[PDB]
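> Mind having a look at this structure? Questions to follow.
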Amino acid sequence: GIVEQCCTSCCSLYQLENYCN
């Protein structure tokens, strides 16, 4: 995250752990 951040740029899997339940 941000979802834009991964797409337009680069993001770690760790930043994805932020959108989990």
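Residue numbering restarts at 1 in every chain; chains get A, B, ... in the order shown in the structure tokens, and ligands count up from 1 in that same order.
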Please list as a PDB file with N, CA and C atoms, in the first residue's frame every residue within 12 Å of residue 12 (chain A), counting only C-alpha atoms and excluding residues in the same chain fewer than 6 positions away.

```pdb
ATOM      1  N   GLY A   1       0.833  -1.236   0.000  1.00  0.00           N
ATOM      2  CA  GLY A   1       0.000   0.000   0.000  1.00  0.00           C
ATOM      3  C   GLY A   1       0.851   1.263   0.000  1.00  0.00           C
ATOM      4  N   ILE A   2       0.430   2.287  -0.749  1.00  0.00           N
ATOM      5  CA  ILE A   2      -0.877   2.334  -1.424  1.00  0.00           C
ATOM      6  C   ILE A   2      -0.921   1.418  -2.668  1.00  0.00           C
ATOM      7  N   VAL A   3      -2.122   0.971  -3.033  1.00  0.00           N
ATOM      8  CA  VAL A   3      -2.350   0.195  -4.270  1.00  0.00           C
ATOM      9  C   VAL A   3      -1.835   0.919  -5.544  1.00  0.00           C
ATOM     10  N   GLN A   5       0.672   3.035  -5.270  1.00  0.00           N
ATOM     11  CA  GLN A   5       2.122   3.015  -4.959  1.00  0.00           C
ATOM     12  C   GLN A   5       2.892   1.804  -5.503  1.00  0.00           C
ATOM     13  N   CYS A   6       2.314   0.610  -5.330  1.00  0.00           N
ATOM     14  CA  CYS A   6       2.739  -0.632  -5.967  1.00  0.00           C
ATOM     15  C   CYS A   6       2.693  -0.656  -7.500  1.00  0.00           C
ATOM     16  N   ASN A  18      -0.674  -4.329   5.401  1.00  0.00           N
ATOM     17  CA  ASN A  18      -1.438  -3.242   5.937  1.00  0.00           C
ATOM     18  C   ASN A  18      -2.936  -3.333   5.511  1.00  0.00           C
TER      19      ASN A  18
END
```
> Please return as a list in words: the residues of chain A that backbone DSSP assigns to alpha helix (DSSP H).
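Taking chain A and keeping alpha helix (DSSP H) gives residues 3, 4, 5, 6, 7, 8, 13, 14, 15 and 16 of chain A.
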